[PDB]
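One structure is given below, encoded as structure tokens.
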Amino acid sequence: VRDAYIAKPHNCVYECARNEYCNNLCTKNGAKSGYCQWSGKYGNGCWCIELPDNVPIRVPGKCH
Ligand SMILES: [Cl-]
């Protein structure tokens with residue numbers, strides 16, 4: 001497991017406005033939970049706590 005921004009295709013974060021939406025998105029994807037980060041490494045986007053290692057996360061580079 002790891003803590004990170006889960007990615008929607010293709011290498012883009014999931015933009016957000018509330019913690020509840022991210023918590024729902026993160027746990028649907030196997031996380032322990034999640035919240036909206038407005039000023040993290042990629043800026044705005046859902047951040048997930050203890051996401052399974054196989055689920056796609058945002059990595060350096062481009063979002064298509
Ligand atoms: Cl890791």
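Labels for the structure tokens follow display order: chains A, B, ..., residues from 1 in each chain, ligands from 1.
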For this session: Check every protein, DNA and RNA residue against ligand 1, keep those with an atom at most 8 Å away (counting only C-alpha atoms and all ligand atoms), and present them as a PyMOL selection string.
Result: chain A and resi 1-2+53
Okay, now the selection with N, CA and C atoms, as an mmCIF file, in the first residue's frame?
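And here's part05.cif as it stands now:
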data_model
loop_
_atom_site.group_PDB
_atom_site.id
_atom_site.type_symbol
_atom_site.label_atom_id
_atom_site.label_comp_id
_atom_site.auth_asym_id
_atom_site.auth_seq_id
_atom_site.Cartn_x
_atom_site.Cartn_y
_atom_site.Cartn_z
ATOM 1 N N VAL A 1 0.824 -1.249 0.000
ATOM 2 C CA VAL A 1 0.000 0.000 0.000
ATOM 3 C C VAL A 1 0.836 1.266 0.000
ATOM 4 N N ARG A 2 0.235 2.373 -0.419
ATOM 5 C CA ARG A 2 0.946 3.637 -0.462
ATOM 6 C C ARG A 2 -0.100 4.712 -0.385
ATOM 7 N N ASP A 53 -1.264 -1.359 -3.989
ATOM 8 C CA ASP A 53 -0.150 -1.067 -4.869
ATOM 9 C C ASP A 53 -0.411 -1.154 -6.387
#
For this session: Determine, counting only C-alpha atoms, which protein, DNA and RNA residues have an atom within 6 Å of an atom of residue 5 of chain A; residues of the same chain fewer than 3 positions away are not included. Present the result as number ranges by chain.
Result: A: 46-47, 57-58
Write the residues you've just listed into a file as a CSV table (one decimal), in the first residue's frame, and include N, CA, C and O atoms for each of them.
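Saved as again.csv:
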chain,number,residue,atom,x,y,z
A,46,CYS,N,-7.7,14.4,-5.5
A,46,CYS,CA,-8.0,13.5,-4.5
A,46,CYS,C,-6.8,12.8,-4.0
A,46,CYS,O,-6.0,12.3,-4.8
A,47,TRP,N,-6.6,12.6,-2.7
A,47,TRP,CA,-5.4,12.0,-2.1
A,47,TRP,C,-6.0,10.8,-1.3
A,47,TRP,O,-6.9,10.9,-0.6
A,57,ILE,N,-1.8,5.6,-10.0
A,57,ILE,CA,-1.6,6.8,-9.3
A,57,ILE,C,-0.9,7.8,-10.2
A,57,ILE,O,-0.4,7.4,-11.2
A,58,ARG,N,-1.0,9.1,-9.9
A,58,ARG,CA,-0.4,10.2,-10.7
A,58,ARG,C,1.2,10.1,-10.5
A,58,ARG,O,1.7,10.2,-9.4
Exercise. Nearest to residue 54 of chain A: which of A:11, A:24, A:35, A:30 is it, counting only C-alpha atoms?
Worked result: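 Of A:11, A:24, A:35, A:30, the one nearest residue 54 of chain A is A:30, counting only C-alpha atoms.
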Problem set entry | Which of chain A fall in strand (DSSP E or B), as a PyMOL selection string | chain A and resi 2-8+12-13+33-40+43-51+57
For this session: Mind checking which residues fall within 12 Å of residue 56 of chain A, counting only C-alpha atoms, ignoring those fewer than 5 positions away in the same chain, and posting them as a PyMOL selection string?
Result: chain A and resi 1-14+26+29-30+48+51
For this session: Rounded to one decimal place, report the atom CA of residue 23 of chain A-atom CA of residue 55 of chain A distance in Å.
Result: 15.4 Å
